[PDB]
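What's in data.tsv: TSV, C-alpha atoms and all ligand atoms
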chain	number	residue	atom	x	y	z
A	26	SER	CA	17.13	20.14	12.20
A	27	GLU	CA	13.65	19.86	10.64
A	28	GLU	CA	15.21	17.53	8.01
A	29	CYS	CA	15.26	14.39	10.17
A	30	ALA	CA	14.13	13.33	13.63
A	31	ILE	CA	14.24	10.30	15.94
A	32	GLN	CA	11.26	9.82	18.24
A	33	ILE	CA	11.18	8.12	21.63
A	34	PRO	CA	8.58	8.22	24.39
A	35	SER	CA	9.25	10.52	27.30
A	36	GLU	CA	10.01	9.16	30.77
A	37	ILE	CA	6.32	9.12	31.88
A	38	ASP	CA	5.04	7.82	28.55
A	39	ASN	CA	7.51	4.89	28.48
A	40	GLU	CA	6.86	4.24	32.19
A	41	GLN	CA	3.13	3.73	31.54
A	42	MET	CA	3.90	0.63	29.42
A	43	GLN	CA	4.64	-1.97	32.10
A	44	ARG	CA	2.91	-5.37	31.88
A	45	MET	CA	2.44	-4.70	28.18
A	46	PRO	CA	3.42	-8.02	26.50
A	47	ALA	CA	6.26	-8.55	24.05
A	48	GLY	CA	7.17	-11.77	22.21
A	49	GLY	CA	10.34	-11.60	24.22
A	50	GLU	CA	11.27	-12.04	27.87
A	51	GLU	CA	10.91	-8.36	28.84
A	52	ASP	CA	7.74	-6.28	28.80
A	53	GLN	CA	7.41	-3.45	26.31
A	54	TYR	CA	8.44	-1.02	29.07
A	55	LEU	CA	11.96	-2.42	29.50
A	56	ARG	CA	12.24	-3.11	25.77
A	57	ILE	CA	11.47	0.46	24.66
A	58	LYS	CA	13.37	1.96	27.62
A	59	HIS	CA	16.55	0.09	26.64
A	60	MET	CA	16.35	1.41	23.08
A	61	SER	CA	15.73	4.97	24.32
A	62	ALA	CA	18.70	4.99	26.72
A	63	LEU	CA	20.91	3.88	23.83
A	64	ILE	CA	19.51	6.52	21.45
A	65	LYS	CA	20.04	9.29	24.00
A	66	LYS	CA	23.62	8.12	24.69
A	67	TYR	CA	24.73	7.86	21.02
A	68	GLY	CA	26.13	11.42	20.77
A	69	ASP	CA	24.02	13.98	18.86
A	70	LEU	CA	21.04	12.82	16.85
A	71	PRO	CA	17.93	14.97	16.26
A	72	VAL	CA	15.83	13.32	18.96
A	73	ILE	CA	12.28	14.44	19.85
A	74	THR	CA	10.27	13.41	22.87
A	75	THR	CA	6.55	12.77	23.25
A	76	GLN	CA	6.47	14.98	26.37
A	77	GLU	CA	7.14	18.31	24.66
A	78	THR	CA	4.21	18.22	22.21
A	79	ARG	CA	1.10	19.60	23.87
A	80	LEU	CA	-2.26	18.56	22.43
A	81	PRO	CA	-5.28	20.83	21.99
A	82	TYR	CA	-7.44	21.27	25.08
A	83	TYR	CA	-10.20	18.82	24.05
A	84	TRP	CA	-7.63	15.99	23.77
A	85	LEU	CA	-6.25	16.87	27.23
A	86	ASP	CA	-9.85	16.71	28.56
A	87	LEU	CA	-10.72	13.33	27.02
A	88	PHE	CA	-7.48	12.10	28.64
A	89	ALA	CA	-8.45	13.66	32.00
A	90	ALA	CA	-11.90	12.02	31.91
A	91	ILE	CA	-10.23	8.62	31.29
A	92	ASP	CA	-8.23	9.07	34.47
A	93	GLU	CA	-11.12	9.62	36.89
A	94	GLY	CA	-13.08	6.63	35.54
A	95	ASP	CA	-16.16	8.20	33.98
A	96	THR	CA	-16.61	5.80	31.07
A	97	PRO	CA	-19.77	7.66	29.87
A	98	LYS	CA	-18.00	11.04	30.22
A	99	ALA	CA	-15.03	9.78	28.20
A	100	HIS	CA	-17.31	8.05	25.71
A	101	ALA	CA	-19.24	11.29	25.24
A	102	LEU	CA	-16.26	13.67	25.34
A	103	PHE	CA	-14.54	11.69	22.58
A	104	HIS	CA	-17.71	11.46	20.44
A	105	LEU	CA	-17.83	15.29	20.47
A	106	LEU	CA	-14.21	15.92	19.43
A	107	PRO	CA	-13.86	18.14	16.33
A	108	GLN	CA	-14.21	16.07	13.15
A	109	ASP	CA	-11.35	18.11	11.60
A	110	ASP	CA	-8.68	17.93	14.33
A	111	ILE	CA	-5.47	16.60	12.75
A	112	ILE	CA	-5.16	13.54	15.03
A	113	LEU	CA	-8.79	12.45	15.05
A	114	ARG	CA	-9.55	12.77	11.34
A	115	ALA	CA	-6.60	10.44	10.69
A	116	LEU	CA	-7.37	8.25	13.73
A	117	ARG	CA	-10.96	7.48	12.70
A	118	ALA	CA	-10.03	7.26	9.02
A	119	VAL	CA	-8.51	3.88	9.97
A	120	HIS	CA	-10.25	2.82	13.20
A	121	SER	CA	-13.93	2.06	13.75
A	122	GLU	CA	-15.75	4.17	16.33
A	123	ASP	CA	-16.86	0.97	18.06
A	124	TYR	CA	-13.26	-0.20	18.44
A	125	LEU	CA	-12.22	3.13	19.96
A	126	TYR	CA	-15.15	2.99	22.37
A	127	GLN	CA	-14.30	-0.56	23.40
A	128	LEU	CA	-10.71	0.63	23.88
A	129	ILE	CA	-11.31	3.77	25.97
A	130	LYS	CA	-13.63	1.39	27.81
A	131	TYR	CA	-10.79	-1.06	28.45
A	132	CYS	CA	-8.32	1.61	29.60
A	133	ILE	CA	-10.72	2.74	32.33
A	134	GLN	CA	-11.85	-0.82	33.07
A	135	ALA	CA	-8.11	-1.48	33.52
A	136	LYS	CA	-7.51	1.15	36.21
A	137	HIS	CA	-8.47	-1.31	38.95
A	138	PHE	CA	-5.68	-3.88	38.69
A	139	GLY	CA	-3.38	-1.42	36.87
A	140	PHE	CA	-3.77	-3.62	33.77
A	141	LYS	CA	-6.61	-5.29	31.85
A	142	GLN	CA	-5.73	-8.43	29.92
A	143	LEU	CA	-7.77	-8.78	26.72
A	144	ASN	CA	-6.16	-11.85	25.11
A	145	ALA	CA	-2.74	-13.52	25.25
A	146	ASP	CA	-1.08	-10.67	23.29
A	147	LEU	CA	-3.01	-7.55	24.33
A	148	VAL	CA	-2.75	-5.72	27.63
A	149	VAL	CA	-3.77	-2.16	28.43
A	150	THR	CA	-3.01	0.20	31.29
A	151	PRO	CA	-5.14	3.25	32.27
A	152	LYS	CA	-2.85	5.49	30.25
A	153	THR	CA	-2.52	3.28	27.13
A	154	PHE	CA	-4.88	5.59	25.28
A	155	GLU	CA	-3.09	8.78	26.34
A	156	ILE	CA	0.22	7.38	25.07
A	157	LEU	CA	-1.01	5.81	21.83
A	158	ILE	CA	-2.33	9.29	20.98
A	159	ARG	CA	0.50	11.37	22.46
A	160	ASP	CA	2.77	9.23	20.28
A	161	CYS	CA	0.60	9.75	17.16
A	162	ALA	CA	0.49	13.46	17.98
A	163	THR	CA	4.22	14.20	17.86
A	164	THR	CA	4.79	12.36	14.58
A	165	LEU	CA	1.78	14.12	13.01
A	166	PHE	CA	2.66	17.54	14.51
A	167	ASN	CA	6.34	17.53	13.33
A	168	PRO	CA	7.76	18.41	9.84
A	169	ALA	CA	10.59	15.87	9.58
A	170	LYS	CA	11.15	14.58	6.05
A	171	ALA	CA	12.80	11.41	7.48
A	172	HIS	CA	11.06	10.22	10.67
A	173	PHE	CA	12.37	7.35	12.78
A	174	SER	CA	10.04	6.74	15.69
A	175	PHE	CA	10.39	4.23	18.52
A	176	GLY	CA	7.11	3.38	20.20
A	177	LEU	CA	4.53	0.57	20.55
A	178	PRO	CA	3.86	-1.53	17.44
A	179	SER	CA	1.15	-1.22	14.82
A	180	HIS	CA	1.19	-3.50	11.76
A	181	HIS	CA	-1.10	-6.09	13.45
A	182	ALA	CA	-3.70	-3.54	14.57
A	183	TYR	CA	-6.91	-3.98	12.59
A	184	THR	CA	-9.38	-1.25	11.65
A	185	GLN	CA	-11.74	-2.86	14.19
A	186	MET	CA	-9.77	-4.86	16.79
A	187	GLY	CA	-6.29	-5.14	18.24
A	188	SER	CA	-3.98	-8.09	17.77
A	189	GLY	CA	-0.49	-9.25	18.66
A	190	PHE	CA	0.95	-6.41	20.78
A	191	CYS	CA	-0.74	-3.80	18.49
A	192	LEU	CA	-3.56	-1.42	19.51
A	193	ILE	CA	-3.85	1.10	16.65
A	194	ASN	CA	-2.27	1.35	13.21
A	195	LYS	CA	-0.14	4.49	13.44
A	196	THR	CA	1.22	3.77	9.96
A	197	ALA	CA	-2.15	3.99	8.20
A	198	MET	CA	-3.07	7.22	9.98
A	199	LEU	CA	0.28	8.64	8.90
A	200	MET	CA	-0.73	7.75	5.34
A	201	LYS	CA	-4.05	9.48	5.99
A	202	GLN	CA	-2.42	12.80	6.90
A	203	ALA	CA	-0.42	12.47	3.67
A	204	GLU	CA	-3.40	12.02	1.34
A	205	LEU	CA	-5.01	15.13	2.92
A	206	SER	CA	-1.93	17.35	3.48
A	207	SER	CA	-0.94	17.06	-0.18
A	208	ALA	CA	-2.74	18.65	-3.13
A	209	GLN	CA	-2.58	15.48	-5.23
A	210	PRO	CA	-2.21	12.21	-3.27
A	211	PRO	CA	1.38	10.97	-3.15
A	212	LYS	CA	2.34	7.64	-4.67
A	213	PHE	CA	2.60	5.33	-1.66
A	214	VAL	CA	5.16	2.58	-1.11
A	215	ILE	CA	5.51	0.44	2.01
A	216	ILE	CA	8.23	-2.10	2.87
A	217	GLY	CA	7.64	-3.99	6.12
A	218	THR	CA	10.54	-6.24	7.09
A	219	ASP	CA	9.22	-7.43	10.48
A	220	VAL	CA	9.18	-11.21	10.20
A	221	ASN	CA	5.46	-11.46	11.12
A	222	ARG	CA	2.99	-10.52	8.36
A	223	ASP	CA	1.52	-7.02	8.17
A	224	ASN	CA	-1.89	-8.72	8.36
A	225	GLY	CA	-3.60	-5.76	10.09
A	226	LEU	CA	-2.29	-2.76	8.11
A	227	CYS	CA	-3.11	-4.84	5.03
A	228	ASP	CA	-6.80	-5.19	5.92
A	229	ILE	CA	-7.06	-1.43	6.49
A	230	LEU	CA	-5.54	-0.77	3.06
A	231	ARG	CA	-7.83	-3.16	1.18
A	232	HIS	CA	-10.84	-1.76	3.06
A	233	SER	CA	-10.41	1.98	3.28
A	234	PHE	CA	-7.53	3.03	0.99
A	235	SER	CA	-7.74	0.79	-2.12
A	236	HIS	CA	-8.26	3.93	-4.21
A	237	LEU	CA	-4.94	5.52	-3.31
A	238	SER	CA	-1.84	4.35	-5.16
A	239	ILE	CA	0.04	2.01	-2.82
A	240	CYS	CA	2.82	-0.45	-3.59
A	241	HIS	CA	3.06	-2.60	-0.46
A	242	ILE	CA	5.95	-5.11	-0.30
A	243	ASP	CA	5.29	-7.27	2.77
A	244	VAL	CA	8.18	-9.47	3.86
A	245	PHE	CA	7.32	-12.30	6.26
A	246	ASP	CA	7.58	-16.01	7.04
A	247	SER	CA	4.27	-17.88	6.57
A	248	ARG	CA	5.57	-20.34	9.23
A	249	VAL	CA	5.57	-18.23	12.40
A	250	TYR	CA	2.88	-15.86	13.60
A	251	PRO	CA	0.31	-15.64	12.15
A	252	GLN	CA	0.60	-18.76	9.93
A	253	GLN	CA	-1.04	-16.99	6.95
A	254	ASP	CA	0.20	-17.92	3.47
A	255	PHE	CA	-0.85	-17.26	-0.13
A	256	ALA	CA	-3.96	-19.44	0.13
A	257	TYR	CA	-5.02	-17.32	3.12
A	258	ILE	CA	-4.51	-14.10	1.13
A	259	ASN	CA	-6.57	-15.55	-1.72
A	260	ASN	CA	-9.55	-15.89	0.61
A	261	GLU	CA	-8.78	-12.36	1.88
A	262	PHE	CA	-8.80	-10.58	-1.49
A	263	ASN	CA	-11.22	-13.21	-2.86
A	264	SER	CA	-8.87	-13.20	-5.87
A	265	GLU	CA	-5.81	-15.26	-6.85
A	266	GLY	CA	-2.47	-13.49	-6.50
A	267	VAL	CA	-0.30	-14.14	-9.58
A	268	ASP	CA	3.28	-15.42	-9.13
A	269	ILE	CA	5.72	-12.63	-10.09
A	270	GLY	CA	9.02	-14.32	-9.22
A	271	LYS	CA	10.78	-16.20	-6.42
A	272	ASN	CA	7.51	-17.75	-5.27
A	273	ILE	CA	6.12	-14.34	-4.39
A	274	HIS	CA	2.59	-13.41	-5.42
A	275	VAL	CA	0.99	-10.01	-5.99
A	276	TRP	CA	-2.65	-9.06	-5.49
A	277	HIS	CA	-4.36	-6.02	-7.00
A	278	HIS	CA	-7.55	-4.46	-5.64
A	279	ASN	CA	-8.42	-1.22	-7.47
A	280	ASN	CA	-5.28	0.90	-6.97
A	281	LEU	CA	-3.50	-1.10	-4.20
A	282	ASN	CA	-0.78	-3.63	-4.98
A	283	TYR	CA	0.23	-6.14	-2.30
A	284	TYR	CA	3.42	-8.22	-2.77
A	285	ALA	CA	3.96	-11.16	-0.38
A	286	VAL	CA	7.70	-11.98	-0.04
A	287	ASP	CA	7.44	-15.31	1.82
A	288	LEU	CA	10.73	-16.16	3.48
A	289	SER	CA	10.05	-19.91	3.34
A	290	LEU	CA	9.79	-19.96	-0.45
A	291	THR	CA	12.51	-17.30	-0.83
A	292	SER	CA	15.84	-18.72	0.39
A	293	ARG	CA	19.24	-17.18	-0.24
A	294	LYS	CA	21.87	-17.92	-2.89
A	295	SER	CA	25.09	-18.65	-0.99
A	296	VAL	CA	26.62	-15.16	-0.81
A	297	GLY	CA	25.12	-11.76	-1.39
A	298	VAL	CA	22.27	-9.81	0.15
A	299	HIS	CA	19.18	-11.96	0.91
A	300	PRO	CA	16.85	-12.15	-2.13
A	301	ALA	CA	13.90	-10.87	-0.06
A	302	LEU	CA	15.41	-7.40	0.38
A	303	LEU	CA	16.83	-7.36	-3.14
A	304	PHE	CA	13.28	-7.50	-4.47
A	305	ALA	CA	12.26	-4.86	-1.91
A	306	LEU	CA	14.88	-2.60	-3.53
A	307	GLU	CA	14.18	-3.58	-7.16
A	308	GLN	CA	10.57	-2.47	-6.49
A	309	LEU	CA	11.52	0.76	-4.67
A	310	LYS	CA	14.09	1.39	-7.39
A	311	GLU	CA	11.24	1.14	-9.84
A	312	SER	CA	8.46	2.93	-7.91
A	313	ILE	CA	10.83	5.93	-7.86
A	314	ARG	CA	11.30	5.85	-11.66
A	315	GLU	CA	7.54	5.51	-12.25
A	316	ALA	CA	6.79	8.57	-10.11
A	317	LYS	CA	9.70	10.60	-11.61
A	318	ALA	CA	8.64	10.40	-15.26
A	319	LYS	CA	4.97	10.82	-14.18
A	320	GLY	CA	5.88	13.78	-11.93
A	321	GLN	CA	4.09	12.67	-8.74
A	322	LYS	CA	5.80	12.41	-5.34
A	323	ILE	CA	6.42	9.34	-3.15
A	324	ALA	CA	5.99	8.74	0.57
A	325	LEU	CA	8.03	5.78	1.82
A	326	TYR	CA	6.92	3.82	4.90
A	327	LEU	CA	9.19	1.34	6.70
A	328	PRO	CA	7.28	-0.59	9.39
A	329	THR	CA	10.39	-2.47	10.39
A	330	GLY	CA	10.84	-5.28	12.84
A	331	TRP	CA	14.09	-6.92	13.82
A	332	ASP	CA	12.68	-10.30	14.82
A	333	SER	CA	13.42	-11.14	11.18
A	334	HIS	CA	17.11	-11.28	12.15
A	335	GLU	CA	18.86	-14.64	12.31
A	336	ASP	CA	20.00	-13.63	15.81
A	337	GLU	CA	16.41	-13.32	17.16
A	338	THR	CA	15.57	-15.63	20.05
A	339	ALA	CA	11.87	-14.65	20.37
A	340	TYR	CA	9.32	-17.42	19.90
A	341	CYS	CA	7.28	-15.44	17.37
A	342	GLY	CA	10.23	-15.23	14.96
A	343	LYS	CA	11.99	-18.58	15.42
A	344	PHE	CA	9.63	-21.42	16.46
A	345	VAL	CA	9.05	-23.00	13.04
A	346	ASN	CA	6.83	-26.09	12.59
A	347	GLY	CA	7.01	-27.53	16.11
A	348	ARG	CA	10.66	-26.79	17.00
A	349	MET	CA	13.01	-23.83	17.37
A	350	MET	CA	14.81	-23.11	14.11
A	351	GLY	CA	18.59	-23.55	14.24
A	352	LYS	CA	21.69	-21.69	13.10
A	353	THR	CA	21.85	-23.43	9.71
A	354	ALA	CA	18.25	-22.74	8.75
A	355	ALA	CA	18.32	-19.34	10.48
A	356	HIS	CA	21.01	-18.11	8.10
A	357	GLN	CA	19.13	-19.34	5.04
A	358	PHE	CA	15.74	-17.77	6.02
A	359	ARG	CA	16.52	-14.69	8.16
A	360	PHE	CA	18.72	-11.61	7.82
A	361	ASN	CA	22.17	-10.64	9.10
A	362	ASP	CA	23.82	-7.27	9.65
A	363	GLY	CA	25.26	-7.69	6.17
A	364	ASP	CA	21.79	-7.67	4.62
A	365	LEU	CA	20.36	-4.94	6.85
A	366	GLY	CA	23.27	-2.51	6.55
A	367	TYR	CA	23.10	-2.82	2.78
A	368	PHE	CA	19.32	-2.26	2.73
A	369	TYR	CA	19.31	0.86	4.92
A	370	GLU	CA	22.34	2.24	3.05
A	371	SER	CA	20.62	1.67	-0.30
A	372	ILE	CA	17.27	3.13	0.83
A	373	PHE	CA	18.86	6.39	1.95
A	374	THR	CA	20.95	6.56	-1.23
A	375	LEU	CA	17.79	6.35	-3.40
A	376	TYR	CA	16.37	9.10	-1.15
A	377	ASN	CA	19.39	11.41	-1.26
A	378	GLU	CA	19.73	10.94	-5.03
A	379	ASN	CA	15.99	11.54	-5.59
A	380	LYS	CA	14.88	14.15	-3.05
A	381	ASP	CA	12.94	15.64	-6.01
A	382	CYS	CA	10.73	12.52	-6.18
A	383	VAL	CA	10.96	10.68	-2.85
A	384	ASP	CA	9.24	12.96	-0.40
A	385	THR	CA	8.92	11.71	3.18
A	386	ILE	CA	10.47	8.65	4.83
A	387	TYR	CA	8.84	7.19	7.93
A	388	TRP	CA	10.47	4.28	9.76
A	389	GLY	CA	8.57	2.81	12.70
A	390	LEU	CA	9.57	0.14	15.21
A	391	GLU	CA	7.57	-3.11	14.98
A	392	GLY	CA	9.23	-6.32	16.22
A	393	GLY	CA	12.72	-7.38	17.32
A	394	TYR	CA	12.80	-8.73	20.88
A	395	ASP	CA	16.20	-10.15	22.03
A	396	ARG	CA	18.05	-7.47	24.03
A	397	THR	CA	21.61	-7.93	22.78
A	398	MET	CA	20.40	-8.47	19.21
A	399	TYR	CA	18.23	-5.37	18.93
A	400	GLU	CA	20.83	-3.19	20.66
A	401	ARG	CA	23.37	-4.15	18.00
A	402	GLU	CA	20.92	-3.71	15.12
A	403	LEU	CA	19.98	-0.27	16.47
A	404	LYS	CA	23.64	0.84	16.60
A	405	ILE	CA	23.83	-0.16	12.93
A	406	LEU	CA	20.64	1.78	12.19
A	407	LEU	CA	21.81	4.89	14.08
A	408	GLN	CA	25.21	4.80	12.32
A	409	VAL	CA	23.73	4.64	8.79
A	410	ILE	CA	21.47	7.60	9.70
A	411	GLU	CA	24.35	9.58	11.23
A	412	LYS	CA	26.14	9.13	7.90
A	413	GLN	CA	23.45	9.50	5.22
A	414	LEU	CA	20.61	11.61	6.68
A	415	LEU	CA	22.42	14.05	8.95
A	416	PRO	CA	24.59	17.06	8.09
A	417	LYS	CA	28.13	16.26	9.11
A	418	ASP	CA	30.06	17.71	12.05
B	1	K	K	6.20	-7.86	7.59
B	2	ZN	ZN	7.05	-9.04	14.31
What is this structure when it is put down as structure tokens?
Amino acid sequence: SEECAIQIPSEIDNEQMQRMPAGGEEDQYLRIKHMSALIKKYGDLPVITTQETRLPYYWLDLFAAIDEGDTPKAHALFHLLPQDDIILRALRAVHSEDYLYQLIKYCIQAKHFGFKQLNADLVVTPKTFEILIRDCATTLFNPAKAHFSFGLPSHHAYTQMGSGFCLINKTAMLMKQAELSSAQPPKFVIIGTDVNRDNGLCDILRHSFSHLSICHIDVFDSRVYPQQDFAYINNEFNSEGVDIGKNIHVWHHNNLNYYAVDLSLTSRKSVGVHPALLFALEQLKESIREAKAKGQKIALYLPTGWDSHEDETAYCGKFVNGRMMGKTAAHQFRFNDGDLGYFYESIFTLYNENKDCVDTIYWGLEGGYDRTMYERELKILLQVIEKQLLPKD
């Protein structure tokens, strides 16, 4: 089926992720491997693997150069890649050439100890670069209208540095290939439910994409990583984001709209789906109607983390002002399978009922670190897909 796919790294690609930090107790290798074993075992889903997609020669040669250690050969070989190759045009539409040099540089500089530690949250192996790109390849090179991909995370990656387990911003590049693959740019909408703020992806959209039409609903808790609240955004947009509702502000910069759903200020009303994701759906219910009666299409991007679950034990989702948040507060500020299952079910319903307006869906794995929590949430996620987005058997 070209209509939907589910993307995991291959054996080799996943294997070259050891020592790569996660905000949990396991490295990113175990973490992603566990999810992949589950996804392969859950019967028959349309599952694609980063080993089968072969890149053009010049990519395979930049890779090869990285392996033998010639930092000037790699630096040069990459500089001379075709400016119109599908990967690279999107890659350098969001990432500075100096960052990519420094990165290639780190991968090779890493080959000694098998790993090069940049800062507390950023490690690279020799093959980090090959995988980051072999990942970005397969998503770019595959015509799936509803893409769920399980790889290394992205919404903290900046146009110019890496931060917090993120090395490049695969989401923004995927938006790049959408502005250019379409005749008229699609109306963009992002909903990122990872409990840590999409600080990175946000900077890249203010900087390089403010002219595209993007509605970006960013759900996070200004109390965990990275401690940034509305005052911090004000200094970022050097404007003052107006309050639209449940202590949630919006900023406009040219054609980009950024909504900050802060989970501290937005607490839940006894029973019913968490107000944070009800606004996420009120705004995606509307963005669909706007683009219908205007005729344009919509590309829908879900950079989703599960550390926003109440059942997350990772420090970066649960250590709130000096102590670990507890089961009472956790249920008033985080999400439970009730909330999530409703959300995913609603999202796909809007899609199925508006395949004339909603165009592509891309869901990409950000946070969610506790093993028994994320394995349960995944089973939920796979079951809603098996029901809504797959032809029945
Ligand atoms: K987020
Ligand atoms: Zn996160």
request  = Please measure the separation of CA of residue 111 in chain A and CA of residue 81 in chain A, giving the value in Å to one decimal.
outcome  = 10.2 Å
task = Step by step, measure atom-to-atom distances between ligand K 1 (chain B) and each residue using all atoms listed in the file, keep those at most 7 Å, then write them as an NGL selection string.
result = :A and (217-223 or 243-245)
inquiry  = Distance limit 9 Å, reference ligand ZN 2 (chain B), atoms considered: all atoms listed in the file. Which residues make the cut? Give them as number ranges by chain.
reply    = A: 48, 178, 180-181, 189, 218-223, 245, 250, 329-333, 341-342, 391-394
key: Point-to-point distance from CA of residue 27 in chain A to CA of residue 384 in chain A, Å rounded to tenths   = 13.7 Å
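Between CA of residue 322 in chain A and CA of residue 209 in chain A the separation is 8.9 Å.
Shortest atom-to-atom contact with residue 360 in chain A among A:47, A:30, A:288, A:193: A:288, counting only C-alpha atoms.
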query = Could you pull the residues within 10 Å of residue 41 in chain A, counting only C-alpha atoms, minus those fewer than 4 positions along the same chain, as a PyMOL selection string?
reply = chain A and resi 36-37+45+53-54+139+149-153+155-156
message = Just checking: using all atoms listed in the file, which residue out of A:91, A:284, A:84, A:251 ends up closest to residue 267 in chain A?
response = A:284
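Here the question is which of A:385, A:224, A:144, A:108 gets nearest to residue 46 in chain A using all atoms listed in the file, and that residue is A:144.
Minimum atom-to-atom distances from A:213, A:326, A:388, A:82 to residue 174 in chain A were compared using all atoms listed in the file, and the lowest value belongs to A:388.
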task = Counting only C-alpha atoms, find the residues whose atoms lie at most 12 Å from (-9.0, -0.6, 38.5) (file coordinates) and write them out as a PyMOL selection string.
result = chain A and resi 91-94+130-141+149-152
For the residues selected in the previous step, produce a file with C-alpha atoms as a PDB file, in the frame of the given file.
ATOM      1  CA  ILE A  91     -10.230   8.620  31.290  1.00  0.00           C
ATOM      2  CA  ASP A  92      -8.230   9.070  34.470  1.00  0.00           C
ATOM      3  CA  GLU A  93     -11.120   9.620  36.890  1.00  0.00           C
ATOM      4  CA  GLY A  94     -13.080   6.630  35.540  1.00  0.00           C
ATOM      5  CA  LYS A 130     -13.630   1.390  27.810  1.00  0.00           C
ATOM      6  CA  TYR A 131     -10.790  -1.060  28.450  1.00  0.00           C
ATOM      7  CA  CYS A 132      -8.320   1.610  29.600  1.00  0.00           C
ATOM      8  CA  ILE A 133     -10.720   2.740  32.330  1.00  0.00           C
ATOM      9  CA  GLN A 134     -11.850  -0.820  33.070  1.00  0.00           C
ATOM     10  CA  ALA A 135      -8.110  -1.480  33.520  1.00  0.00           C
ATOM     11  CA  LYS A 136      -7.510   1.150  36.210  1.00  0.00           C
ATOM     12  CA  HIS A 137      -8.470  -1.310  38.950  1.00  0.00           C
ATOM     13  CA  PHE A 138      -5.680  -3.880  38.690  1.00  0.00           C
ATOM     14  CA  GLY A 139      -3.380  -1.420  36.870  1.00  0.00           C
ATOM     15  CA  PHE A 140      -3.770  -3.620  33.770  1.00  0.00           C
ATOM     16  CA  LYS A 141      -6.610  -5.290  31.850  1.00  0.00           C
ATOM     17  CA  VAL A 149      -3.770  -2.160  28.430  1.00  0.00           C
ATOM     18  CA  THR A 150      -3.010   0.200  31.290  1.00  0.00           C
ATOM     19  CA  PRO A 151      -5.140   3.250  32.270  1.00  0.00           C
ATOM     20  CA  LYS A 152      -2.850   5.490  30.250  1.00  0.00           C
TER      21      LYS A 152
END
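Proximity of A:70, A:309, A:285, A:237 to residue 26 in chain A, computed with only C-alpha atoms, is greatest for A:70.
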message = For residue 314 in chain A, find every residue with an atom within 12 Å (counting only C-alpha atoms), except residues of its own chain fewer than 4 positions away, and show them as a PyMOL selection string.
response = chain A and resi 212+307-310+318-323+375+378-379+381-383
Can I get the selection written as a PDB file, in the coordinates of the input, with C-alpha atoms?
ATOM      1  CA  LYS A 212       2.340   7.640  -4.670  1.00  0.00           C
ATOM      2  CA  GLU A 307      14.180  -3.580  -7.160  1.00  0.00           C
ATOM      3  CA  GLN A 308      10.570  -2.470  -6.490  1.00  0.00           C
ATOM      4  CA  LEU A 309      11.520   0.760  -4.670  1.00  0.00           C
ATOM      5  CA  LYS A 310      14.090   1.390  -7.390  1.00  0.00           C
ATOM      6  CA  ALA A 318       8.640  10.400 -15.260  1.00  0.00           C
ATOM      7  CA  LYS A 319       4.970  10.820 -14.180  1.00  0.00           C
ATOM      8  CA  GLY A 320       5.880  13.780 -11.930  1.00  0.00           C
ATOM      9  CA  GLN A 321       4.090  12.670  -8.740  1.00  0.00           C
ATOM     10  CA  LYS A 322       5.800  12.410  -5.340  1.00  0.00           C
ATOM     11  CA  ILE A 323       6.420   9.340  -3.150  1.00  0.00           C
ATOM     12  CA  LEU A 375      17.790   6.350  -3.400  1.00  0.00           C
ATOM     13  CA  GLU A 378      19.730  10.940  -5.030  1.00  0.00           C
ATOM     14  CA  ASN A 379      15.990  11.540  -5.590  1.00  0.00           C
ATOM     15  CA  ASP A 381      12.940  15.640  -6.010  1.00  0.00           C
ATOM     16  CA  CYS A 382      10.730  12.520  -6.180  1.00  0.00           C
ATOM     17  CA  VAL A 383      10.960  10.680  -2.850  1.00  0.00           C
TER      18      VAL A 383
END
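Neighbours of residue 124 in chain A closer than or equal to 12 Å, with all atoms listed in the file counted and sequence neighbours fewer than 5 positions away skipped, come out as residues 100, 116, 117, 119, 129, 130, 131, 182, 183, 184, 185, 186, 187, 192 and 193 of chain A.
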query = Residues at most 9 Å from residue 177 in chain A, counting only C-alpha atoms, excluding those fewer than 2 positions away in the same chain, as a PyMOL selection string?
reply = chain A and resi 42+53+57+157+160+175+179+190-192+390-391
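Distances to residue 328 in chain A were evaluated for A:389, A:270, A:366, A:347 using only C-alpha atoms, and the minimum falls at A:389.
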Write a file for range 252-265 of chain A, containing C-alpha atoms (output as a PDB file, in the first residue's frame).
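Final output, saved to result_19.pdb:
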ATOM      1  CA  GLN A 252      12.078  26.040  31.101  1.00  0.00           C
ATOM      2  CA  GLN A 253      10.911  28.482  28.385  1.00  0.00           C
ATOM      3  CA  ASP A 254       7.583  30.260  28.953  1.00  0.00           C
ATOM      4  CA  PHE A 255       5.627  33.098  27.327  1.00  0.00           C
ATOM      5  CA  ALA A 256       8.081  35.761  28.503  1.00  0.00           C
ATOM      6  CA  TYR A 257      10.845  33.780  26.780  1.00  0.00           C
ATOM      7  CA  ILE A 258       8.849  33.633  23.536  1.00  0.00           C
ATOM      8  CA  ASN A 259       8.261  37.380  23.735  1.00  0.00           C
ATOM      9  CA  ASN A 260      12.014  37.965  23.628  1.00  0.00           C
ATOM     10  CA  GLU A 261      12.187  35.395  20.798  1.00  0.00           C
ATOM     11  CA  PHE A 262       9.635  37.010  18.469  1.00  0.00           C
ATOM     12  CA  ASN A 263      10.452  40.435  19.959  1.00  0.00           C
ATOM     13  CA  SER A 264       6.651  40.831  20.054  1.00  0.00           C
ATOM     14  CA  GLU A 265       3.984  40.138  22.691  1.00  0.00           C
TER      15      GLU A 265
END
